[PDB]
Amino acid sequence: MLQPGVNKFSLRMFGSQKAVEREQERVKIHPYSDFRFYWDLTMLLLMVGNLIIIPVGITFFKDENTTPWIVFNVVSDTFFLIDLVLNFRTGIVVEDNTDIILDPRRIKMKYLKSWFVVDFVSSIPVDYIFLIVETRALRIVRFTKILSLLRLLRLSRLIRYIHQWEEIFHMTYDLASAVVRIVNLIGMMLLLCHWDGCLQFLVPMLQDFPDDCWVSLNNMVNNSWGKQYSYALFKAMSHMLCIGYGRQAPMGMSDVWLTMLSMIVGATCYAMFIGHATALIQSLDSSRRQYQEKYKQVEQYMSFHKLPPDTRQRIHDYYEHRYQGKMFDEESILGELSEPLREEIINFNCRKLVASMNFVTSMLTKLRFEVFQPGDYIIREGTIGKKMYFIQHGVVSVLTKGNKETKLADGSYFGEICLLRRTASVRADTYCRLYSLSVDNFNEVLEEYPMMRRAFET
Amino acid sequence: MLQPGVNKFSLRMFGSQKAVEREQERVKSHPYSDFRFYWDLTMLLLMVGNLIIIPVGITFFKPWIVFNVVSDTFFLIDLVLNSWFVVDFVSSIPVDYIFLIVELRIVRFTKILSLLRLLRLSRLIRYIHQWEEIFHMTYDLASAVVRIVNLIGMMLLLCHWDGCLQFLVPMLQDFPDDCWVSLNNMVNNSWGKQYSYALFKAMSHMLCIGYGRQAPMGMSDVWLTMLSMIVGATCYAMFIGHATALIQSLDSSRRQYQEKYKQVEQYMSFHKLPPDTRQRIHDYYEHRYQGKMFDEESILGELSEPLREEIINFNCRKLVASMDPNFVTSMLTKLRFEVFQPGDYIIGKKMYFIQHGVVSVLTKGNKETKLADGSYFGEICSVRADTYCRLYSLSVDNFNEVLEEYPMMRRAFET
Amino acid sequence: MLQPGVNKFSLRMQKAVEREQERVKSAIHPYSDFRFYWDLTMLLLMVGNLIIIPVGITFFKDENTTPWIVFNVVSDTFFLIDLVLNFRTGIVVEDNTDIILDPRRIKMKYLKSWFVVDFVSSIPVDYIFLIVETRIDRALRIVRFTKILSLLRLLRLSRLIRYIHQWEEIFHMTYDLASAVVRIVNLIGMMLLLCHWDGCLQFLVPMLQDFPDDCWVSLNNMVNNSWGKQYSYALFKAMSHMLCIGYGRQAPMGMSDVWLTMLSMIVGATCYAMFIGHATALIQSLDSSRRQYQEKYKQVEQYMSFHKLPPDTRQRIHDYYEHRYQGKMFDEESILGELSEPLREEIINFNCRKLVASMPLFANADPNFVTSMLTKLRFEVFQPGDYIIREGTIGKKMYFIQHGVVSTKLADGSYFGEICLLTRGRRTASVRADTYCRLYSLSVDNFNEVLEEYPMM
Amino acid sequence: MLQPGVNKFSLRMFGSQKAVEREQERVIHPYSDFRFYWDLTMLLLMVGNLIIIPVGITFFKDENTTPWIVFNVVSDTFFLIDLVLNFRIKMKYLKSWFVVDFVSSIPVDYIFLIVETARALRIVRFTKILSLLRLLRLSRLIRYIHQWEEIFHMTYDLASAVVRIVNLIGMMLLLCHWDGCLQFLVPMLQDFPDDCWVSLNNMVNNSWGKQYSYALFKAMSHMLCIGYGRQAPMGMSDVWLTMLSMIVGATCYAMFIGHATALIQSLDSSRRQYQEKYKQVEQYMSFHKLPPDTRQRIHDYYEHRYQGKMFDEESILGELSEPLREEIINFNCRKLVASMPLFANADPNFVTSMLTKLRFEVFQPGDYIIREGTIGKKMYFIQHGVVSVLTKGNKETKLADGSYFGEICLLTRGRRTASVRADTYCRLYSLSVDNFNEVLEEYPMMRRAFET
Ligand SMILES: COc1cc2c(cc1OC)CC(=O)N(CCCN(C)C[C@H]1Cc3cc(OC)c(OC)cc31)CC2
């Protein structure tokens, strides 16, 4: 299973099949192996369970040496040693370059600059081994508890595993991905609040019961772990939201300093999260802002030249019925694409129109999109012929004595004459989305294409 | 009648009347029709009444039987006329009354079923968006205040929901001694006071001021105020972020003007510019752009040909005609805007058209010639500027292409 | 006298000033000195009223003392005077000299700018109401309605902001950090005025309802305390509502207090939120070229990572950027483009005459095409160790050394290999860069085209 | 060592010692190493006094013992030496901060009380007020730190960002404890009022530890806008001090949060500039109706061409100088363009010009690169991926990195003899025929060599 390649992500990370096979011959543990996926899924599950339950067990409750908590801790930590020794035989992507690092020497030397020390200190049963090497009892309990808090260093594993797997899975960068990111931020913040509540319940217990503690004043001595956890989370979330100090203001120096640090970090983190979410939602609403800026610049330009209200209203109508209220660019998007994709776009969008009438593939590279408005002349009499048109969605009425009122439907074509002084003229009935072809473009595309131009001229 | 026949908001969707007859066969095959507009308006009024009345009735005052049955009739009209199907299927029928047919806990079940009736706010969300672009006034500061007031509006109905919920939860489970009601002794006071205190706790929790006159004691109070605080603060913070972003976007053009002037400040810092020029540059930007930015070239090259023709005509018809439509029009299509500054020398291969201001001519023979709006000069193939002129330019080369492109009387023009 | 004859702000917007006189010779101009001083007198007197009236009408119960009445009536006389002077005045709006000398024109324009508010604020509605009541002749109701109708005078905020805006659009000479501080202190002034008004209201709303036991005045034992020791705590509650600190000493109890607290939380916190957003926007707009430089460097580093460049180049490019743009943007081509001619040639002259005129060929000739080719010059920045030109390479680009000394050693004002342009072939000199030499450049094509367009020399 | 010749990052400013020799030729230098050591000791002693002076003034009533006198006189002497060292350029500085530096450096309070020796208690109050006004090392520290910003900086990445927020929070905690000591000092100077908060809290004779750790709590509660403290102000000098504390704390915290959020947002800017472009393109496909397959095959092209890494190749190349563009293009393309035999014998100048005429191009698997019967227009130097060339009765021949397909019709014409197809995301380097023609017409040295 160490050989990578799964249609869920490998076929998207590597569009062609062969590249995926190339990954396989790279082996001839891999980052993209399915066994790695299963291992990291089980990891995330069990280790998030640890990050949630360990602060509850070690801060609240008594008689920690009971069988269920002990066996849970030892099995989790043994899995942690397993993945720790696995980290000495693995591979990661470096600076986005796909490097297998199947050599243990490399995955040791270059890993000797990572956070390996954090994983070392976290993934060893410090509480048990420190108790054994020592073997004042309350003081030893204090050390073993405060070092048991070091099991929460698995947040580093969580964040690194998320970072290596944030880019693997995507569906659509719309509200679906944005809500995923904001939900991840909210989950991290509630994890922080849970940790802070457990800390504010444990620091009194670590000192043993004070008389100047929030626990004594609130009489939360021997009621329940559920209510105590609920009220500690209450204090932590009130601190970050800046509601207050719960029921009573701090009374003891220990709790004064504790609430000071808790509320400073909570307020700072809440402000950071709120600003990040606001920036994310503005990025979601980015498409409207560009159009708003362009329209405000247009309005200021019209005011700078003192245009009459009729022209201003016509300009407003043209802008609202050209860009449809949110902005895009023809030139840049058609210039930042490879040849096959550009020809695919110009074929699908603009081939049915020409098919209603390799020269064509070279003529299609000169069709300029163009939108007019009702009542506006397209071609005017007395104007030298310089352009034709290819209706994509519009109805143009020819102005002629014979052609009193016509409605040219989709896929029509006019102005072709004088290509090879307009005889007539046409208006716009509805919102017509024309195309265009300058006579110079036709002359060029023809003169680099002579081997059929010798019959085109006829 | 499915025929819209609207010349006020359907005219914005389709400017010409002809498309109206097109919409005619669109009927013969409507969201913009009169009947749908009337139905949506009546349903909108009734559902606003729903959102601001039913939470009051379900929580307080444990008549109203008249209002709920008639409301359900119009909801059924929506479903038969009709993405979000189970939501309407649940919050479109009298679930509370029909639940008793299936069956104190039962009575409580009817109310929590009625709590699902609020989901039409989602229908309002979709509706309020699709009325947003059909009609508009302008993009001035006034419309922004309207948007902010509407934002405050749905956040305030959210406050109403939150207060009703915060009064209901300690009311469903009788009234425990640890509930905020028991602590405030306001068990049997007036409806006004109860609603005021509920909306007050909700207001404080979202606005992060306090809990009120007390602090949560029972587990129900703690957890209720818990989620109240988190959701209220979060939603209010995003609301304020959106409002401030919109306000800052209102005066955008001034912002880009300021950033461009800051970049010019850096540029003048680099080249050790003398203070006189460092002040003249500031004045020239204060009057050329008037502290608010635009780009004439991009806008002109972006507009459709008839529109661009309209603006260029309205700007320069009197200017050029003061010296065939096609030749003069092509000449107009090549005028550049060259706002000058007082005391700046002007001029010889270019001619100048003065739209605004006063220009002076310096010569040794005659003392000067005073010119005004519309006068043409520089016609060859030095002079000063007195006021903040807005001269127009005609480069000789551009004149050459304008002449050569039309050969009907080209040799006559060069003659 | 009514003619605008100032030499401070009318100068900024010279013969046009005489044209301003012309627009008055057709007969008060908004830019007139007397108008400006009179508007300043209203500025002071408006600030005074907006502070005193809410305190006077709320505090100092049974306000039958004479000096307050004298001050109020004289202020009302100034208000009638300035309202009637608002008739037949020039209003420069839309950056256009709309002097509207026509009485109908000034009438309609003033009727387009909160006319009815101006009348209702200017007229002493309290005095007229009391005099008509005395002419006519529930007593306590009339007593409270006296203060209620005197409260109509707070509509003068609209006039105050209108006058300051008529001056805000004039005083815009600075847009540096000083202007940001001016905007910030204006925001703080408006916010503190709202604090003062909310504090006065926190007492007025109870006061107009006498003093019920549920009001905070009763519970705080502040019924009989001094006026200062009441205003201070009222403003304390106003700021405690605005800043979202708390309800004050004790939570709201009565329905009136609860609803007033709700309204104060809204009008307080929302306005403070807009204030904070404005402050953050201004402090970020203070430093923007640094942000743009950071974005450009991030894009360049991102591109450099895209091409898997060796670390030596990844250090050389970083050094080049930090010693070329040095954390602050400058786009020479665009800035020069969007400048009118005379400023452009002035900048180019001051930059380039001493540098380029060192060698004799262009110095001898007439400086018109010389100025043109100077405007055609380009900015180039080099780094030590990189050879500017190579031996056995076609010499086509001269260099005018504005700064630094590079290798013989050439000091500032020298020139690099100008003989290559007039000759042709491969240059045999490999000049070595030794300093951060900011040079100037051109091309042989530019030289050929300037000699073609100007073949006189 | 009063000259800036140093063997550290100062060299990064001025590479060659001859460039450094210019400053040695001109030349106390602020950039000198001795001034560097003096600035570090200034920083250390300045932060020490900025933490200790407000506490020494307020809680330590009549600290007439010798240690405090020694501390104060050492500070006075060292600040005076710093002032006299900080002194041609003085006239430019003359209208700046000499009143500031004079009042900050000298012991105004101590010299004031010497000439004096209920007037005595008022003199003590004046001494305390003068020593408080002497705290202008806030401004001094701001100046000296702001000097360092231009002096040295490695990168503006996340590493420096967290440092910037840490600096802001350190300055803000400086403000916190200043306000904490103030909230005790102002009531203390009046003598403990009955209605004051200290009296209500019974914190009248408690130790320095409590009187500091709860005053700090009170003074940064108003900063985090959490509340007042144990009680409402009650006292009215107290409520005015609460006015000032509320305003300054909330306003400064608002500015600090705005600045920090803006920094963390500008930290990730390229991703935003790519997301905006992708939203624009998404609207482009929404406008001209297209099948979902084309939408997917454009999304894939962006995800494997820009990779979410938003950069503009033309602008980045242009804004660089030629003696820096040359190394980039060389490292990217010397192996590729020297691979084919015809250009291996080409002139280095001709090679570099052809490199400057090279253009980056990307393709997708299954998409034709060159077709059958089309007019040949460009040339290709494959840099990545594998390409499948199909030439009539030919199987899927697979060229690799460094190869070249399309070299035909480099100067000739005719229809395409073969059709190629991309097997992977082959990142090519295109090369148009007209560019080849123009480089040969401006380098006619080997026109006759390439004529064959
Ligand atoms: C009163 O101070 C602020 C208020 C607002 C804003 C900014 C403020 O300070 C940064 C804008 C905003 O997002 N908010 C944040 C609201 C979040 N909390 C709940 C508001 C209150 C608690 C908090 C947190 C603060 O710091 C961010 C703060 O600074 C004085 C004020 C407050 C809404 C209005």
# chains A, B, ... in the order shown; residues from 1 in each chain; ligands from 1
call {"tool": "residues_near_ligand", "arguments": {"ligand": "ligand 1", "cutoff": "6 Å", "atoms": "only C-alpha atoms and all ligand atoms", "output": "PyMOL selection string"}}
result
(chain A and resi 241-242+271) or (chain B and resi 207-208+233+237+240-241) or (chain C and resi 243-244+273+276) or (chain D and resi 224-225+250+253-254)
call {"tool": "write_last_selection", "arguments": {"atoms": "C-alpha atoms", "output": "mmCIF file, in the first residue's frame"}}
result
data_model
loop_
_atom_site.group_PDB
_atom_site.id
_atom_site.type_symbol
_atom_site.label_atom_id
_atom_site.label_comp_id
_atom_site.auth_asym_id
_atom_site.auth_seq_id
_atom_site.Cartn_x
_atom_site.Cartn_y
_atom_site.Cartn_z
ATOM 1 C CA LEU A 241 -15.659 38.265 24.523
ATOM 2 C CA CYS A 242 -14.980 40.829 27.277
ATOM 3 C CA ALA A 271 -9.967 40.040 17.711
ATOM 4 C CA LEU B 207 -23.079 43.815 22.432
ATOM 5 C CA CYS B 208 -20.790 42.382 25.144
ATOM 6 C CA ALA B 233 -20.865 38.551 19.547
ATOM 7 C CA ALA B 237 -18.699 41.462 14.811
ATOM 8 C CA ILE B 240 -19.861 45.656 11.973
ATOM 9 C CA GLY B 241 -17.014 44.455 9.763
ATOM 10 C CA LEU C 243 -17.501 51.744 25.020
ATOM 11 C CA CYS C 244 -19.399 48.573 26.024
ATOM 12 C CA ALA C 273 -17.652 50.858 15.776
ATOM 13 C CA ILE C 276 -12.875 52.605 15.182
ATOM 14 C CA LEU D 224 -9.712 45.163 27.210
ATOM 15 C CA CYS D 225 -13.101 46.813 27.895
ATOM 16 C CA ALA D 250 -10.223 51.267 24.480
ATOM 17 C CA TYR D 253 -6.484 48.707 21.979
ATOM 18 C CA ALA D 254 -8.643 49.416 18.931
#
call {"tool": "interface_residues", "arguments": {"of": "chain D", "to": "chain A", "cutoff": "9 Å", "atoms": "only C-alpha atoms", "output": "PDB file with C-alpha atoms, in the first residue's frame"}}
result
ATOM      1  CA  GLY D 209       2.589  43.150  45.448  1.00  0.00           C
ATOM      2  CA  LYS D 210      -1.183  43.392  45.849  1.00  0.00           C
ATOM      3  CA  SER D 213      -1.166  43.454  40.817  1.00  0.00           C
ATOM      4  CA  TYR D 214      -4.703  44.746  41.347  1.00  0.00           C
ATOM      5  CA  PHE D 217      -5.818  44.639  36.719  1.00  0.00           C
ATOM      6  CA  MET D 220      -6.021  47.040  31.767  1.00  0.00           C
ATOM      7  CA  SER D 221      -9.624  45.968  32.357  1.00  0.00           C
ATOM      8  CA  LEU D 224      -9.712  45.163  27.210  1.00  0.00           C
ATOM      9  CA  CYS D 225     -13.101  46.813  27.895  1.00  0.00           C
ATOM     10  CA  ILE D 226     -14.007  43.961  30.292  1.00  0.00           C
ATOM     11  CA  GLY D 227     -15.318  46.203  33.055  1.00  0.00           C
ATOM     12  CA  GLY D 229     -12.791  46.178  38.517  1.00  0.00           C
ATOM     13  CA  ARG D 230     -14.259  45.225  41.879  1.00  0.00           C
ATOM     14  CA  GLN D 231     -16.551  48.265  42.153  1.00  0.00           C
ATOM     15  CA  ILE D 257      -5.966  45.342  17.003  1.00  0.00           C
ATOM     16  CA  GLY D 258      -6.541  47.116  13.699  1.00  0.00           C
ATOM     17  CA  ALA D 260      -2.164  43.655  13.984  1.00  0.00           C
ATOM     18  CA  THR D 261      -5.108  42.357  11.942  1.00  0.00           C
ATOM     19  CA  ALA D 262      -3.975  44.390   8.936  1.00  0.00           C
ATOM     20  CA  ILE D 264      -1.661  39.363   9.511  1.00  0.00           C
ATOM     21  CA  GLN D 265      -3.917  39.986   6.500  1.00  0.00           C
ATOM     22  CA  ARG D 272      -5.898  36.816  -2.334  1.00  0.00           C
ATOM     23  CA  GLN D 275      -8.457  34.204  -5.703  1.00  0.00           C
ATOM     24  CA  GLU D 276      -9.707  37.492  -7.155  1.00  0.00           C
ATOM     25  CA  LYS D 277      -8.390  36.524 -10.594  1.00  0.00           C
ATOM     26  CA  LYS D 279     -13.325  34.690  -9.367  1.00  0.00           C
ATOM     27  CA  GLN D 280     -13.059  36.930 -12.428  1.00  0.00           C
ATOM     28  CA  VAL D 281     -12.436  33.899 -14.643  1.00  0.00           C
ATOM     29  CA  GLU D 282     -15.344  32.059 -13.009  1.00  0.00           C
ATOM     30  CA  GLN D 283     -17.580  34.952 -14.007  1.00  0.00           C
ATOM     31  CA  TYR D 284     -16.034  34.720 -17.480  1.00  0.00           C
ATOM     32  CA  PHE D 287     -21.026  34.864 -18.972  1.00  0.00           C
ATOM     33  CA  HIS D 288     -20.110  32.921 -22.114  1.00  0.00           C
ATOM     34  CA  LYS D 289     -21.987  29.705 -21.360  1.00  0.00           C
ATOM     35  CA  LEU D 290     -19.627  26.725 -21.451  1.00  0.00           C
ATOM     36  CA  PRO D 291     -19.900  22.999 -20.709  1.00  0.00           C
ATOM     37  CA  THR D 294     -14.385  23.149 -20.205  1.00  0.00           C
ATOM     38  CA  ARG D 297     -10.221  21.965 -17.772  1.00  0.00           C
ATOM     39  CA  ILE D 298      -9.715  25.695 -17.194  1.00  0.00           C
ATOM     40  CA  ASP D 300      -7.146  22.541 -13.716  1.00  0.00           C
ATOM     41  CA  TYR D 301      -5.007  24.722 -15.985  1.00  0.00           C
ATOM     42  CA  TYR D 302      -4.994  27.479 -13.372  1.00  0.00           C
ATOM     43  CA  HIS D 304      -1.361  23.574 -12.282  1.00  0.00           C
ATOM     44  CA  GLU D 361       4.372  28.144 -21.938  1.00  0.00           C
ATOM     45  CA  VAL D 362       2.369  25.435 -20.160  1.00  0.00           C
ATOM     46  CA  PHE D 363       0.147  22.663 -21.534  1.00  0.00           C
ATOM     47  CA  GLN D 364      -2.127  19.874 -20.307  1.00  0.00           C
ATOM     48  CA  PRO D 365      -2.233  16.096 -20.826  1.00  0.00           C
ATOM     49  CA  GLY D 366      -4.221  14.928 -23.829  1.00  0.00           C
ATOM     50  CA  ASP D 367      -4.067  18.357 -25.505  1.00  0.00           C
ATOM     51  CA  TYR D 368      -2.326  18.773 -28.856  1.00  0.00           C
ATOM     52  CA  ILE D 369       0.739  21.008 -28.826  1.00  0.00           C
ATOM     53  CA  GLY D 373      -1.357  20.617 -41.475  1.00  0.00           C
ATOM     54  CA  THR D 374      -1.196  23.834 -39.459  1.00  0.00           C
ATOM     55  CA  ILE D 375       1.244  26.628 -40.244  1.00  0.00           C
ATOM     56  CA  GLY D 385       6.946  16.223 -18.378  1.00  0.00           C
ATOM     57  CA  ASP D 423       1.236  13.061 -21.956  1.00  0.00           C
ATOM     58  CA  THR D 424       1.687  15.144 -18.779  1.00  0.00           C
ATOM     59  CA  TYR D 425       1.742  18.776 -17.613  1.00  0.00           C
TER      60      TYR D 425
END
call {"tool": "interface_residues", "arguments": {"of": "chain D", "to": "chain C", "cutoff": "9 Å", "atoms": "only C-alpha atoms", "output": "VMD selection string"}}
result
chain D and resid 12 to 16 18 to 19 156 to 157 222 225 to 228 231 to 234 236 239 to 240 242 to 243 246 to 247 250 to 251 254 to 259 262 266 to 270 306 309 to 313 316 320 to 324 327 to 328 331 to 332 349
call {"tool": "select_by_dssp", "arguments": {"residues": "segment 99-340 of chain A", "states": "helix (DSSP H, G or I)", "output": "PyMOL selection string"}}
result
chain A and resi 106-113+116-122+126-134+137-164+175-206+214-218+225-241+253-284+286-305+309-320+330-335+339-340
call {"tool": "interface_residues", "arguments": {"of": "chain A", "to": "chain B", "cutoff": "7 Å", "atoms": "only C-alpha atoms", "output": "list in words"}}
result
residues 227, 234, 241, 242, 243, 244, 246, 247, 274, 278, 293, 297, 298, 300, 301, 371, 372, 374, 376, 383, 429 and 430 of chain A
call {"tool": "residues_around", "arguments": {"residues": "residue 27 of chain A", "least_positions_apart": "4", "cutoff": "10 Å", "atoms": "only C-alpha atoms", "output": "number ranges by chain"}}
result
A: 2-4, 22-23, 100-102
call {"tool": "residues_around", "arguments": {"residues": "residue 397 of chain B", "least_positions_apart": "2", "cutoff": "12 Å", "atoms": "only C-alpha atoms", "output": "count of residues only"}}
result
15
call {"tool": "closest_residue", "arguments": {"among": "C:85, C:80, C:140, C:267", "to": "chain B", "atoms": "only C-alpha atoms"}}
result
C:267
call {"tool": "interface_residues", "arguments": {"of": "chain B", "to": "chain C", "cutoff": "8 Å", "atoms": "only C-alpha atoms", "output": "PyMOL selection string"}}
result
chain B and resi 193+196-197+200+203+207-210+212-213+240+244+248+255+258-259+262-264+266-267+271+273+277+281+283+287+338-340+342+344-346+386-387
call {"tool": "residues_around", "arguments": {"residues": "segment 173-175 of chain D", "least_positions_apart": "2", "cutoff": "10 Å", "atoms": "only C-alpha atoms", "output": "ChimeraX atom specification"}}
result
/D:47,50-51,138,167-171,177-180,216,219-220,223,248-249,252
call {"tool": "residues_around", "arguments": {"residues": "residue 64 of chain A", "least_positions_apart": "2", "cutoff": "12 Å", "atoms": "only C-alpha atoms", "output": "list in words"}}
result
residues 54, 56, 57, 58, 59, 60, 61, 62, 66, 67, 68, 69, 70, 71, 72, 73, 127, 141, 144, 145 and 148 of chain A
call {"tool": "residues_around", "arguments": {"residues": "residue 146 of chain B", "least_positions_apart": "6", "cutoff": "12 Å", "atoms": "only C-alpha atoms", "output": "JSON list (two decimals) with C-alpha atoms, in the first residue's frame"}}
result
[["chain", "number", "residue", "atom", "x", "y", "z"],
["B", 132, "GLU", "CA", -32.25, 44.07, -4.22],
["B", 136, "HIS", "CA", -32.57, 51.01, -6.97],
["B", 137, "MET", "CA", -32.18, 54.76, -6.50],
["B", 138, "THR", "CA", -28.42, 55.45, -6.77],
["B", 139, "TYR", "CA", -25.05, 54.62, -5.19],
["B", 140, "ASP", "CA", -24.68, 57.72, -3.00],
["B", 152, "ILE", "CA", -29.46, 46.51, 11.73],
["B", 153, "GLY", "CA", -33.01, 45.42, 10.94],
["B", 243, "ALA", "CA", -20.75, 47.84, 7.59],
["B", 246, "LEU", "CA", -19.05, 49.21, 2.94],
["B", 247, "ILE", "CA", -18.52, 52.66, 4.47]]
call {"tool": "atom_distance", "arguments": {"atom1": "atom CA of residue 52 of chain A", "atom2": "atom CA of residue 191 of chain A"}}
result
7.4 Å
call {"tool": "decode", "arguments": {"residues": "segment 364-383 of chain A", "atoms": "C-alpha atoms", "output": "compact mmCIF listing (two decimals), in the first residue's frame"}}
result
# COMPACT_ATOMS: atom_id res chain seq x y z
CA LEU A 364 -11.74 33.34 -34.99
CA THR A 365 -8.68 34.86 -33.29
CA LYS A 366 -9.82 38.36 -34.32
CA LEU A 367 -13.48 38.37 -33.22
CA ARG A 368 -13.89 41.25 -30.76
CA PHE A 369 -16.81 41.04 -28.35
CA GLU A 370 -19.07 44.08 -28.43
CA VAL A 371 -22.36 45.09 -26.80
CA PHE A 372 -24.71 47.85 -27.97
CA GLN A 373 -27.90 49.37 -26.57
CA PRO A 374 -31.44 49.80 -27.92
CA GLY A 375 -31.99 52.73 -30.26
CA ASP A 376 -28.26 53.10 -30.99
CA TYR A 377 -27.14 52.96 -34.62
CA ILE A 378 -24.74 50.12 -35.38
CA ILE A 379 -23.71 51.12 -38.91
CA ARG A 380 -24.54 54.61 -40.19
CA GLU A 381 -24.98 55.82 -43.75
CA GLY A 382 -22.15 57.90 -45.15
CA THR A 383 -19.56 55.86 -43.23
